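Two forms of a single protein chain come next, each set out by itself as structure tokens; they are called structure 1 and structure 2.
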Structure 1
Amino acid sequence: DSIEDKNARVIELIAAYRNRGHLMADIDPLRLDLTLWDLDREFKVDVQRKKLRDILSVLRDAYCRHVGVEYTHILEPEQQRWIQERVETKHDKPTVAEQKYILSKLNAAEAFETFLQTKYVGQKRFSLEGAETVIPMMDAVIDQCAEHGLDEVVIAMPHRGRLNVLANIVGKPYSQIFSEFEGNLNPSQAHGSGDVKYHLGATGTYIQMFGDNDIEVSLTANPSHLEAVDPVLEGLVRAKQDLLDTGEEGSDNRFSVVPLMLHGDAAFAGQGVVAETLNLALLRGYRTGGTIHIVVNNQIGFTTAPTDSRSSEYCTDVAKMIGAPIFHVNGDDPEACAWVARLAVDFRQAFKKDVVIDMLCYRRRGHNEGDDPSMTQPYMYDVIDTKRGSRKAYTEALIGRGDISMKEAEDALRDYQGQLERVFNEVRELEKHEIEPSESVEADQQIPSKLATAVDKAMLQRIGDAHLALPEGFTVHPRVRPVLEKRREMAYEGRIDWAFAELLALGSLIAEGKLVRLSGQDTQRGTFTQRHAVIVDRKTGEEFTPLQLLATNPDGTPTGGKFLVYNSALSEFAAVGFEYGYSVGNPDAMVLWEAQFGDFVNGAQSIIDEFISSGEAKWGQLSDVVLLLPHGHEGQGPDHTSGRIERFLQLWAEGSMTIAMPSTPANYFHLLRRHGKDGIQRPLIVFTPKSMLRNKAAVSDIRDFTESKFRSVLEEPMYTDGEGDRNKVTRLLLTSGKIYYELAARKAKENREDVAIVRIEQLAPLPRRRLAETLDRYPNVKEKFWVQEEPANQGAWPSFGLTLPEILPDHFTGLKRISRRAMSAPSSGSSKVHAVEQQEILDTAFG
């Protein structure tokens, strides 16, 4: 009513457009879903005086045209002001040369799809038709990154316009893409079992069209499993940033390697790994200084409408949890798409935070190029039939503006189409090779000859002394202090436990110049209070990392090594994905991921199945990620007992991974040191102990570290070092893990000279030669038994019971099993029932 009362209604209106203007924005290319006298009156705006008509025009233009902005949810006021200053101001129109360049990208995007439709009508390619604006948008992201002088852009994306992105953004040769469609692959392309064309990656150098800077562009490989690559990309980028000494663990806060993550609208809302990966964005051990997210929102998921794909307004609403700004942009406006892309990069650079671009578009054809979409979405495809497409609509705009002519536009398309045909002809002209079955990739990585993993006594002692080389005035917790003192004593006197042997292995590698990354749930202290990789000051809370002292030589010079130890988030899928990604990103790093209990690794099953166990065969992607899985039957229940050995053994083929269950601390030390020094970029699966960590018998001597190597097959010390007679042995018990000690204690108690226990430390690849050689030392053996704690359908028996009598018939024909009955669950819920079952196994083994 009054001038003071009207001014309050203006501030409400300013806020309404800033908070809810995006709900009115003309973002959908398909289009499916105070008095008038006060307009010329001046009002106070945060302070300057502006007319209502000018305030309203700025608000409508910024928030209700082809760009929908979601940013008021952000808690940082400086971020809200930064977005406000760049969206609520008239941004200069692009140059004729820049416009022509955008059209050239839309031309290369559309013609690439139509060419494939004409030549390979029967083959699926997951076309970007109806979403061609992704190409000039990604180009603008990469160009803006190059303008900031960044080092690399790493891309992860699904199937949608993948071939297009590889050819028009990354720079993968058209000849290579057409050869995959032709089915005529050379020995390098036909190597391994392989994977489909829209899962493959590439690398290249992006050169600025209107700038002088250049930037590396990489696209990583991925399975069909939508969004599974999300933490893998993050891990890959983090490893690269750590090598470049940029980012969280670097000197320069540049975060010069940029993750560019693409997504589909149904997969972004539906896959849990998306929230798991976004939750890593600002963590100390996982941050990459912000990811640029592009959602190719074609408002469909195969035959599923968005109404059945999510419970939220936008497919991007999950990204609001990390305070990420969200930009919904109309896919029919390539200039707004290129502008939002450059704004996104600028925001990422200013606040080192994630930015999400929701590109509203459509899918011109069916889900695949063979699917009929009118069966399930007739109304949408009746609307698509009327739409002209971004390329033709943008061409008509540029001719209308007077930038180009109809002839210039037509000659440009014919030049690109001509170039494709010329390359297609040469691929067809290549002589067709004989199609042969896929071959095992086992021989691709050769075991090095005579590799030494032993360390000198001085090394053990230095790692020991490092545990007591505390900073001035540091107050050690009274229950942590005996561990540090016992470790220095262990390093000089012997009887080294499992927890110290692990740190002796990692510390000696750091001293040799290796980067060690160790992470997992409560991994800094350890689930079983054994590691103490990081010790906390009882009074101040200051952290001390003893192994970090080994990154410096005694003269003061750096070794080149580093110890990166973190407590992970309560995730398995994202954390395992990230560590796999890290190991691929930096192959010279020692990357270890620890499960709280091995029973939780099934939460990251997609990473194990789709990346860790099959990545080499499928894409030639090498990873040496170490998985530490606490395993053992101790009466703690079915979810605190098994790391599912049987599952990893089942997945094993073509010498893809090393699967071990060491029984001694020294053997574990040699296993870890071999993995970090052998140069075999293949994963390592370690079934680690819980109660065995504190077993007084499960200790090792200094000579085991300084004079021995890894031993895949272990005999009882009485036959190798003692006065035991191998000829008295009639019964042979073959085992793996902590049950050896329980069997050895029973053998000692009853003085059973007729029984020998042989341990298999390396489960896969099977040490066939060493195992045969070891059994040949017991000539009077009449019966052999595989003994294990695990149920009959679990542990090593499902694979060993079948492979051992086949690979060694003269040694294992008639091999019987001693174990728990076949069980649905990994063990019993009661510790008392476990104890009875355990005694039954020992009684049977000595019956």
Structure 2
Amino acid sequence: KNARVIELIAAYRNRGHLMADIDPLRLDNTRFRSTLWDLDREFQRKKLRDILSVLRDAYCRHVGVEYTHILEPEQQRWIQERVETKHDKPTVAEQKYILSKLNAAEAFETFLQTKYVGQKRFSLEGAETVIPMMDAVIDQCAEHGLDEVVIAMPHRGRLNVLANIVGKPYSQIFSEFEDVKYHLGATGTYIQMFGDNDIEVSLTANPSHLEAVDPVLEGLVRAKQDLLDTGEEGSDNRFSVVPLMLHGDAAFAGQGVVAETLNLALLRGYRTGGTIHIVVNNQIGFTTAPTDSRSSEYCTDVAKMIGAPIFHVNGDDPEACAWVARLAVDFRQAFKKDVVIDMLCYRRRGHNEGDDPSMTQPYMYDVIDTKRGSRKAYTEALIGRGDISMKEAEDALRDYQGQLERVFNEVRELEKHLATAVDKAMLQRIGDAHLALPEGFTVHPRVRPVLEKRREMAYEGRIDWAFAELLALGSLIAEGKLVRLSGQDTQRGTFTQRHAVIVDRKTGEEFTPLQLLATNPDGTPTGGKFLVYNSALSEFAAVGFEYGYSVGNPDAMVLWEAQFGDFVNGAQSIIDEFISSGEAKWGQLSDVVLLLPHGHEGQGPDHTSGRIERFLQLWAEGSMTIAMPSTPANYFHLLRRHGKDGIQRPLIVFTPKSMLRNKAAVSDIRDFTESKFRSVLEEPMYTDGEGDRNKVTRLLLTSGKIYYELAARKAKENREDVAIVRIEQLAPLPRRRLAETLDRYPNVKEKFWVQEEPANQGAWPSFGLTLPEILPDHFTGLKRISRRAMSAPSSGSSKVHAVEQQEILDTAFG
């Protein structure tokens, strides 16, 4: 009999949530419907009736608890102890405060729908309990003495969140009203009602693309945590900046970026010490029922992927919603792990103006039409429970009216009225750092010559691309800059060229040579730091995270590296919605760098192109910098200009693969110490040699590694009649430098744009249209030499590639 009791306790803990009264609409009519002598027997000693009452109150009332899937026994025990105890009833003051938050939320929803037209799609009606729930999250974070709560959410209830959570005044919110305000960033200060603490509250910008902002929030919070010296890269483990992420039920289950972002939660390179997730589960997605939106019992089932506790709560019970919000913050503080709150509610009205929701959901909306809002329900429950008197409920209705009056009145009143060159000692210091190994450190025999060659390059020149990148990042760290670099296998490098982190052959201990540059020769810190990580196998979440990280710390140097540029299309939503367009749409600035390994080498259509043409198509004056450098020193100056220009603009770099090891693609020490970024490059025979520019009758304009192949062919046939000009900066077009360079070749009779990429790809679709328009005296008659237009970035065969590469070389010199 005592074995049956242990099985009964486990059944309530494991599956009690399936019986919990969580749906305020009670749509599922079969949810609840599908010995007595032992009830008074004792089984710590407790009677079976007392065990069953504790289990029912904890697991089968307005809170459905999912936690037995958690592999950590200490986390399961922590939830058990706090959920399976008699809870102290909230004070009348706390209850009145919860009611006053529901009064503010409904008074805001009432004014919006009444004052303006076309506001229905933004309505939080049937879900107003999310306002005292969010208030409880922020208040509990303030109680923990934390510094900031950063929110990401979709558009539903956003302005209500602006007024009743962020604390933005109505005059600012509805200043020259109308849609753009449902996507803008905001900041405020939350002051505790019953406490003496305060906390910063911010709301990040987002597109309409639901859940796309999720990794952006995490990056943004991580950047703020690194700046506050809290968390993973901090001295304290408080993670004093809390991500609060809101979601819709259909989007949370359907968008892949949710899983990608959850997968980052405990990674050393991406953890934020746990996110508080709130799903506004109104059991609908426009006209779509949950049975067409997901293959699981709950919209939050994806969170089981990382063993996050999940709390399903009845949105018509704001006390249970506030209690669960505070429990979620406490769990996050104790275990530094994500918590999901599934708030079951409803969408009172139609999705938008042209929607009578009974057309597609007659049953749900016949039930919704018999519902009285959370505010009225809570006022009626408190009255029935004897917690408040008739005068107190009447005073609360007076508070609702005064709050509705205030917003109508306040809005009425508003209606009435730089050098990048470094010294040689800097290069030598970065070279020496590669050999300044910790005591007893064992280097892998294949990594040892790379280190020794870097010391040699630092003092003797012939600096290759891989070392020039580290010279640029190392010199920024020495100057006090925080440098964050990440991507797939970025510590070692996809092409075994980087070795930013080296691994002890016997212990596996990591050593980061560039980190030595964060300390000045005298021993004082520079203020700089090198944060280098291997990312998860994600593009969408990883690019979103790095974009968010550059927003969170505008003073950081933030670089994301694609394994091959070909895989960045997995992050297209981030490129389209944030990187290329965030500045013009929201005034949100990012200095994020995308490194895209690019080049035709015969490795197939998915190991060849970063789709230059797509980034050039997205570009519009002053949105991004787009470059394809051909020399290590020009890449070094490109990165240093980007980190020191004081301008927050994304940089897109088309980086090499085989050209990393091309012996002609090396730079002299003077190119680092006495030069700057060159947007346009001429052949060294004309700038440093005995070449005669006046013999040139044919000019080849190009970008990237094909220059070396064109230069080798010119050298082989002694073609003095042909010159090769490189466009290093593809966007913005270096109009003046390009015009001044071409004027130095007066006998040119024909000009060709030469590229490896197909005719419908690379720089030709934009340069072929733009160059004759911006420089008509220089580029009227410009012709293209390239691969034929293709539906894929290249052929699948390395043999076909080699024939096509040779046809480009023969056409340019034909």
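Here, a residue number simply tells you its place in the sequence of structure 1, counted from 1. Definition used throughout: the rigid core is the maximal C-alpha set that superposes within 1.5 Å between two forms.
*Asks:* If you fit the two forms on their rigid core, which residue out of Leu398, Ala764, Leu622, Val755 shows a CA shift of at least 2 Å between the two structures?
*Replies:* One residue passes the 2 Å cut-off, namely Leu398.
*Asks:* After a rigid core superposition, would you say the CA of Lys407 moves by 2 angstroms or more between the two structures, or not?
*Replies:* Passes the 2 Å threshold, so yes.
*Asks:* Under a superposition restricted to the rigid core, does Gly418 display a Cα displacement of 2 angstroms or more between the two structures?
*Replies:* Yes, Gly418 moves 2 Å or more.
*Asks:* Given a core-based superposition, decide whether the C-alpha of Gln548 shifts by 2 Å or more between the two structures.
*Replies:* Moves: no, less than 2 Å.
*Asks:* With the two forms matched on the core, what distance in Å separates the two CA positions of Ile177 between the two structures?
*Replies:* With the rigid core fitted, the alpha carbon of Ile177 is displaced 2.8 Å between the two structures.
*Asks:* If the rigid core is lined up, how many Å does the C-alpha atom of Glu369 shift between the two structures?
*Replies:* Value for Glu369 between the two structures: 4.6 Å of C-alpha shift.
*Asks:* Supposing the core is put in the same place in both forms, how far has the CA of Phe474 shifted between the two structures, in Å?
*Replies:* Its C-alpha moves by 1.3 Å once the cores are overlaid.
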